[PDB]
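> Input protein07.pdb, format and content: PDB, C-alpha atoms.
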```
ATOM      1  CA  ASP A 209      57.173 -87.702 134.763
ATOM      2  CA  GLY A 210      54.307 -85.332 133.904
ATOM      3  CA  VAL A 211      50.921 -84.766 132.303
ATOM      4  CA  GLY A 212      52.080 -82.506 129.442
ATOM      5  CA  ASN A 213      55.083 -84.537 128.312
ATOM      6  CA  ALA A 214      54.838 -87.661 126.090
ATOM      7  CA  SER A 215      56.340 -90.879 127.545
ATOM      8  CA  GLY A 216      57.496 -92.415 124.257
ATOM      9  CA  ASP A 217      57.526 -92.169 120.462
ATOM     10  CA  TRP A 218      56.025 -93.959 117.517
ATOM     11  CA  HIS A 219      58.278 -96.581 115.871
ATOM     12  CA  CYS A 220      57.301 -98.745 112.976
ATOM     13  CA  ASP A 221      60.116 -99.971 110.829
ATOM     14  CA  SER A 222      62.213-102.807 109.508
ATOM     15  CA  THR A 223      65.910-102.640 109.415
ATOM     16  CA  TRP A 224      67.731-105.229 107.406
ATOM     17  CA  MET A 225      71.366-105.568 108.314
ATOM     18  CA  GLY A 226      72.773-108.600 106.569
ATOM     19  CA  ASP A 227      72.212-111.612 108.777
ATOM     20  CA  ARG A 228      69.676-109.778 111.014
ATOM     21  CA  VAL A 229      66.462-107.864 110.531
ATOM     22  CA  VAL A 230      64.797-105.868 113.244
ATOM     23  CA  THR A 231      61.093-105.167 113.161
ATOM     24  CA  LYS A 232      59.293-102.498 115.246
ATOM     25  CA  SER A 233      55.602-102.050 115.655
ATOM     26  CA  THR A 234      53.565 -99.559 117.550
ATOM     27  CA  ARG A 235      49.845 -99.803 118.009
ATOM     28  CA  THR A 236      47.209 -98.017 120.001
ATOM     29  CA  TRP A 237      45.295-100.214 122.447
ATOM     30  CA  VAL A 238      42.228 -99.664 124.539
ATOM     31  CA  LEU A 239      41.552-101.586 127.818
ATOM     32  CA  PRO A 240      38.007-102.023 129.197
ATOM     33  CA  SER A 241      37.476-102.640 132.923
ATOM     34  CA  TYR A 242      36.621-106.362 132.767
ATOM     35  CA  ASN A 243      34.119-108.063 135.059
ATOM     36  CA  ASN A 244      33.754-104.809 136.995
ATOM     37  CA  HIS A 245      36.982-105.513 138.880
ATOM     38  CA  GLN A 246      36.254-108.983 140.067
ATOM     39  CA  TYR A 247      37.224-112.588 139.572
ATOM     40  CA  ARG A 248      34.489-114.921 138.569
ATOM     41  CA  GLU A 249      34.484-118.641 138.354
ATOM     42  CA  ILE A 250      33.276-119.557 134.852
ATOM     43  CA  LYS A 251      32.116-122.967 133.760
ATOM     44  CA  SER A 252      30.330-125.072 131.218
ATOM     45  CA  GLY A 253      28.659-128.447 130.940
ATOM     46  CA  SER A 254      28.239-130.578 127.789
ATOM     47  CA  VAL A 255      27.662-128.085 124.906
ATOM     48  CA  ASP A 256      26.625-129.086 121.339
ATOM     49  CA  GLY A 257      26.374-132.745 122.401
ATOM     50  CA  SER A 258      30.032-133.043 123.439
ATOM     51  CA  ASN A 259      31.329-133.196 126.973
ATOM     52  CA  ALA A 260      34.821-132.356 125.738
ATOM     53  CA  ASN A 261      33.316-128.877 125.772
ATOM     54  CA  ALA A 262      32.858-128.938 129.560
ATOM     55  CA  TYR A 263      35.218-126.917 131.693
ATOM     56  CA  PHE A 264      35.772-125.154 134.902
ATOM     57  CA  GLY A 265      37.904-122.068 135.253
ATOM     58  CA  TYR A 266      38.241-118.420 136.132
ATOM     59  CA  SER A 267      37.884-115.108 134.337
ATOM     60  CA  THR A 268      39.931-112.310 135.740
ATOM     61  CA  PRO A 269      39.700-108.561 135.430
ATOM     62  CA  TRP A 270      43.050-108.440 133.622
ATOM     63  CA  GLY A 271      43.728-108.084 129.912
ATOM     64  CA  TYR A 272      46.919-108.989 128.150
ATOM     65  CA  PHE A 273      49.105-108.116 125.220
ATOM     66  CA  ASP A 274      49.375-110.826 122.650
ATOM     67  CA  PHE A 275      51.828-110.387 119.693
ATOM     68  CA  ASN A 276      52.067-113.920 118.534
ATOM     69  CA  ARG A 277      51.041-113.502 114.902
ATOM     70  CA  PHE A 278      53.506-112.700 112.174
ATOM     71  CA  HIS A 279      51.494-109.899 110.710
ATOM     72  CA  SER A 280      51.903-108.027 113.994
ATOM     73  CA  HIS A 281      55.572-107.578 113.094
ATOM     74  CA  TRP A 282      55.834-107.880 109.333
ATOM     75  CA  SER A 283      54.336-105.859 106.538
ATOM     76  CA  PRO A 284      53.176-107.740 103.490
ATOM     77  CA  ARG A 285      56.079-106.329 101.587
ATOM     78  CA  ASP A 286      58.732-107.177 104.160
ATOM     79  CA  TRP A 287      57.322-110.626 104.409
ATOM     80  CA  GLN A 288      57.781-110.928 100.646
ATOM     81  CA  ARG A 289      61.271-109.716 100.925
ATOM     82  CA  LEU A 290      61.928-112.472 103.468
ATOM     83  CA  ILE A 291      60.364-115.445 101.726
ATOM     84  CA  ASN A 292      61.842-114.726  98.291
ATOM     85  CA  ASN A 293      65.379-114.462  99.568
ATOM     86  CA  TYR A 294      66.136-116.499 102.679
ATOM     87  CA  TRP A 295      66.239-120.114 103.516
ATOM     88  CA  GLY A 296      65.210-119.677 107.073
ATOM     89  CA  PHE A 297      64.866-117.493 110.075
ATOM     90  CA  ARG A 298      64.386-117.555 113.779
ATOM     91  CA  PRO A 299      63.576-114.993 116.525
ATOM     92  CA  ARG A 300      66.434-113.709 118.688
ATOM     93  CA  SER A 301      65.137-111.051 121.001
ATOM     94  CA  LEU A 302      62.155-109.069 122.052
ATOM     95  CA  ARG A 303      61.693-105.631 123.604
ATOM     96  CA  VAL A 304      58.317-104.285 124.649
ATOM     97  CA  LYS A 305      57.191-100.870 125.742
ATOM     98  CA  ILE A 306      53.922 -99.507 127.034
ATOM     99  CA  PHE A 307      53.608 -95.741 127.124
ATOM    100  CA  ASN A 308      51.383 -92.666 126.729
ATOM    101  CA  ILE A 309      48.746 -93.970 129.058
ATOM    102  CA  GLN A 310      45.427 -92.248 129.506
ATOM    103  CA  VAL A 311      42.737 -93.264 131.933
TER     104      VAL A 311
ATOM    105  CA  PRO B 622      72.585 -95.678  73.500
ATOM    106  CA  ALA B 623      69.335 -96.390  71.755
ATOM    107  CA  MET B 624      69.712-100.146  72.318
ATOM    108  CA  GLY B 625      70.152 -99.749  76.064
ATOM    109  CA  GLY B 626      73.105-100.101  78.351
ATOM    110  CA  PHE B 627      75.912 -97.833  79.346
ATOM    111  CA  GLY B 628      77.399 -95.285  76.964
ATOM    112  CA  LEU B 629      81.105 -95.057  77.461
ATOM    113  CA  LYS B 630      83.738 -92.624  76.343
ATOM    114  CA  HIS B 631      86.399 -95.304  76.856
ATOM    115  CA  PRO B 632      84.797 -98.758  76.828
ATOM    116  CA  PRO B 633      86.440-102.209  77.504
ATOM    117  CA  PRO B 634      89.125-102.354  74.782
ATOM    118  CA  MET B 635      88.852-104.798  71.937
ATOM    119  CA  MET B 636      90.766-107.999  72.288
ATOM    120  CA  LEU B 637      92.015-109.373  69.036
ATOM    121  CA  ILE B 638      93.441-112.703  68.326
ATOM    122  CA  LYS B 639      94.919-114.642  65.464
ATOM    123  CA  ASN B 640      96.762-117.763  64.544
ATOM    124  CA  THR B 641     100.324-116.855  63.579
ATOM    125  CA  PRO B 642     100.897-118.090  60.003
ATOM    126  CA  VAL B 643     103.152-121.043  59.341
ATOM    127  CA  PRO B 644     104.542-121.424  55.786
ATOM    128  CA  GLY B 645     104.297-124.661  53.832
ATOM    129  CA  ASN B 646     107.251-126.249  52.028
ATOM    130  CA  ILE B 647     109.123-123.482  50.191
ATOM    131  CA  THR B 648     112.175-124.595  48.241
ATOM    132  CA  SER B 649     113.336-121.591  46.236
ATOM    133  CA  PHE B 650     113.617-117.894  46.808
ATOM    134  CA  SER B 651     111.136-115.315  45.531
ATOM    135  CA  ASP B 652     110.577-111.654  46.302
ATOM    136  CA  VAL B 653     106.838-112.415  45.926
ATOM    137  CA  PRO B 654     105.223-112.983  49.411
ATOM    138  CA  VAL B 655     104.597-116.575  50.533
ATOM    139  CA  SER B 656     101.042-117.767  49.773
ATOM    140  CA  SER B 657     100.976-121.466  50.857
ATOM    141  CA  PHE B 658     100.432-122.084  54.551
ATOM    142  CA  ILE B 659      99.928-125.063  56.818
ATOM    143  CA  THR B 660      96.204-124.973  57.703
ATOM    144  CA  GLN B 661      95.474-124.723  61.404
ATOM    145  CA  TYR B 662      93.194-123.501  64.156
ATOM    146  CA  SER B 663      93.272-122.791  67.816
ATOM    147  CA  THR B 664      91.196-123.235  70.856
ATOM    148  CA  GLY B 665      91.455-122.313  74.453
ATOM    149  CA  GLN B 666      89.586-121.024  77.442
ATOM    150  CA  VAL B 667      88.656-117.464  78.260
ATOM    151  CA  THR B 668      87.685-116.152  81.634
ATOM    152  CA  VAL B 669      85.927-112.787  82.186
ATOM    153  CA  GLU B 670      85.554-111.402  85.704
ATOM    154  CA  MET B 671      83.308-108.332  86.210
ATOM    155  CA  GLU B 672      82.630-106.367  89.350
ATOM    156  CA  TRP B 673      79.269-104.574  89.507
ATOM    157  CA  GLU B 674      78.060-102.022  91.953
ATOM    158  CA  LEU B 675      74.494-102.187  93.205
ATOM    159  CA  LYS B 676      71.997 -99.655  94.388
ATOM    160  CA  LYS B 677      70.020-101.078  97.283
ATOM    161  CA  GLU B 678      66.222-100.853  97.056
ATOM    162  CA  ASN B 679      64.915 -98.636  99.897
ATOM    163  CA  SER B 680      61.095 -98.690  99.633
ATOM    164  CA  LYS B 681      58.269 -97.965 102.110
ATOM    165  CA  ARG B 682      55.602 -99.541  99.962
ATOM    166  CA  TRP B 683      53.293-101.510 102.198
ATOM    167  CA  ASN B 684      51.704-103.984  99.928
ATOM    168  CA  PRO B 685      53.746-106.626  98.102
ATOM    169  CA  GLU B 686      55.568-105.815  94.840
ATOM    170  CA  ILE B 687      55.703-107.482  91.416
ATOM    171  CA  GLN B 688      58.637-109.888  91.058
ATOM    172  CA  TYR B 689      60.108-111.793  88.170
ATOM    173  CA  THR B 690      58.963-115.328  88.761
ATOM    174  CA  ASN B 691      59.258-118.728  87.145
ATOM    175  CA  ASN B 692      55.547-119.077  86.209
ATOM    176  CA  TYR B 693      54.494-121.573  83.539
ATOM    177  CA  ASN B 694      51.153-123.282  83.119
ATOM    178  CA  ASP B 695      51.783-127.020  82.471
ATOM    179  CA  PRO B 696      55.500-126.901  81.467
ATOM    180  CA  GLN B 697      56.560-129.387  78.797
ATOM    181  CA  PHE B 698      60.170-128.561  79.482
ATOM    182  CA  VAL B 699      62.123-126.487  81.926
ATOM    183  CA  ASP B 700      62.867-122.986  80.577
ATOM    184  CA  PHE B 701      66.512-121.776  80.713
ATOM    185  CA  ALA B 702      67.688-125.349  80.721
ATOM    186  CA  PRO B 703      68.936-127.856  78.039
ATOM    187  CA  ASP B 704      66.206-129.890  76.455
ATOM    188  CA  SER B 705      66.165-133.611  75.471
ATOM    189  CA  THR B 706      68.484-132.816  72.556
ATOM    190  CA  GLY B 707      70.908-130.864  74.701
ATOM    191  CA  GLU B 708      70.088-127.463  73.228
ATOM    192  CA  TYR B 709      69.561-124.543  75.599
ATOM    193  CA  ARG B 710      66.003-123.139  75.736
ATOM    194  CA  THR B 711      64.887-119.593  76.580
ATOM    195  CA  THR B 712      61.274-118.624  76.040
ATOM    196  CA  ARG B 713      61.254-115.123  77.355
ATOM    197  CA  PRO B 714      63.134-111.839  77.434
ATOM    198  CA  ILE B 715      63.869-110.819  80.985
ATOM    199  CA  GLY B 716      63.952-107.116  81.460
ATOM    200  CA  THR B 717      64.933-105.236  84.493
ATOM    201  CA  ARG B 718      61.996-103.254  86.021
ATOM    202  CA  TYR B 719      59.956-105.056  88.624
ATOM    203  CA  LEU B 720      60.402-102.842  91.629
ATOM    204  CA  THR B 721      58.488 -99.539  91.792
ATOM    205  CA  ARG B 722      59.158 -96.086  93.142
ATOM    206  CA  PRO B 723      57.036 -93.016  93.610
ATOM    207  CA  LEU B 724      58.083 -90.240  91.179
TER     208      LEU B 724
END
```
Please rewrite the model in this file as structure tokens.


Amino acid sequence: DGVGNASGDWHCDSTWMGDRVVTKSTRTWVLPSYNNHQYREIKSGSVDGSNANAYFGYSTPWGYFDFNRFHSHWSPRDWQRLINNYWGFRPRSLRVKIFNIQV
Amino acid sequence: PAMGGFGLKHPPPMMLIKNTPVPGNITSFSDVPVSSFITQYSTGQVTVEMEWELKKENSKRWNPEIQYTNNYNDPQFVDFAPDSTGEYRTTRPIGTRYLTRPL
């Protein structure tokens, strides 16, 4: 759209609705330009006296979003509300949004 | 009420019960009321069913709250359970305020 209009809003919440609970988290991220835009082939030999440490691979100039920790979605208090009252739980869906970008 | 609880204009009515008297062997007439009865007692079951309305806790506290919890250091017996004799034990008064709210 445009420069002077915001592309999304801030949502942090927890909505308990019986058999479901929906968590929302918003964070502010910063992204460095990695490697100076190029792929590099990274590698290692036997480090610390262990060749299980050896590897061969590639670093890229990309970064990624990782939300695979519970504390990224649950507050200490909602976590307590979950473990003191339920016998189990499992994830059902996921929705992600990236907005308000600034280079 | 000073002792706690709900103060009611019209509270749950009193339920009274008694064993209807049964006269012993009476052989002659008298205007004087009968005073010899067959001794007896009764027994039965009583069921009370109460519906309560709840006010859902709606906090935004971040950190975890205080909760009533079964915490005993080196229990010799289970509290709120019958002991070896069969008599019910209770070692602590359980109030009602664990959750918090900002004024």

> Near chain A, meaning an atom within 8 Å, which residues of chain B appear when counting only C-alpha atoms? Write them as a list in words.

residues 682, 683, 684, 685 and 686 of chain B

> Name the closest residue to residue 662 (chain B) among the candidates B:698, B:640, B:648, B:679; distances are taken between atoms, counting all atoms listed in the file.

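Under the stated criterion, the closest residue is B:640.
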
> As a check of understanding, name the residues that the PyMOL selection byres ((chain A and resi 310) around 10) selects in the supplied structure, as a PDB file with C-alpha atoms, in the frame of the given file.


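Here's the written file selection-v8.pdb:
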```pdb
ATOM      1  CA  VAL A 211      50.921 -84.766 132.303  1.00  0.00           C
ATOM      2  CA  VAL A 238      42.228 -99.664 124.539  1.00  0.00           C
ATOM      3  CA  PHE A 307      53.608 -95.741 127.124  1.00  0.00           C
ATOM      4  CA  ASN A 308      51.383 -92.666 126.729  1.00  0.00           C
ATOM      5  CA  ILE A 309      48.746 -93.970 129.058  1.00  0.00           C
ATOM      6  CA  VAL A 311      42.737 -93.264 131.933  1.00  0.00           C
TER       7      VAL A 311
END
```

> Running the PyMOL selection byres ((chain B and resi 689) around 10) on this model by hand, what would come out? Give it as a ChimeraX atom specification.

/B:687-688,690-692,715-720

> I'd like the interatomic distance between CA of residue 645 (chain B) and CA of residue 660 (chain B), to a tenth of an Å.

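For CA of residue 645 (chain B) relative to CA of residue 660 (chain B), the distance reads 9.0 Å.
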
> Within 12 Å of region 231-234 of chain A, which residues of region 269-304 of chain A come that close, and what is the closest atom pair and distance in Å for each? Count all atoms listed in the file and give it as CSV.


```
residue,atom,partner,partner_atom,distance
A:275,CA,A:233,CA,10.0
A:278,CA,A:231,CA,10.7
A:279,CA,A:233,CA,10.1
A:280,CA,A:233,CA,7.2
A:281,CA,A:231,CA,6.0
A:282,CA,A:231,CA,7.0
A:283,CA,A:231,CA,9.5
A:286,CA,A:231,CA,9.5
A:287,CA,A:231,CA,11.0
A:299,CA,A:231,CA,10.7
A:300,CA,A:231,CA,11.5
A:301,CA,A:231,CA,10.6
A:302,CA,A:231,CA,9.8
A:303,CA,A:232,CA,9.2
A:304,CA,A:232,CA,9.6
```

> Once the PyMOL selection byres ((chain A and resi 245) around 12) is applied to the coordinates I shared, what remains selected? I want it as a ChimeraX atom specification.

/A:240-244,246-248,267-271

> Quick check, in Å to one decimal: how far apart do CA of residue 677 (chain B) and CA of residue 631 (chain B) lie?

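Straight-line distance from CA of residue 677 (chain B) to CA of residue 631 (chain B) works out to 26.8 Å.
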
> Box for region 258-273 of chain A - axis-aligned, 8 Å on each of the six sides, all listed atoms - centre and size in Å to one decimal, as JSON.


```
{"center_x": 39.6, "center_y": -120.6, "center_z": 129.8, "size_x": 35.1, "size_y": 41.1, "size_z": 28.7}
```

> In Å, rounded to a single decimal, give me how far CA of residue 681 (chain B) is from CA of residue 225 (chain A).

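Taking CA of residue 225 (chain A) as the start and CA of residue 681 (chain B) as the end point, the length is 16.4 Å.
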
> Step by step: start from the point (63.2, -118.4, 80.8) in the file's coordinates, keep every protein, DNA or RNA residue that has an atom no farther than 9 Å from it, count all atoms listed in the file, and write the set as a ChimeraX atom specification.

/B:691,699-702,710-715

> Determine the nearest neighbour of residue 274 (chain A) from the options A:293, A:256, A:235, A:213, counting only C-alpha atoms.

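Nearest candidate to residue 274 (chain A) out of A:293, A:256, A:235, A:213: A:235.
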
> Go ahead and find all residues with at least one atom no further than 10 Å from (70.9, -113.8, 112.0) in the file's coordinates, using only C-alpha atoms; report them as a PyMOL selection string.

chain A and resi 225-229+296-300
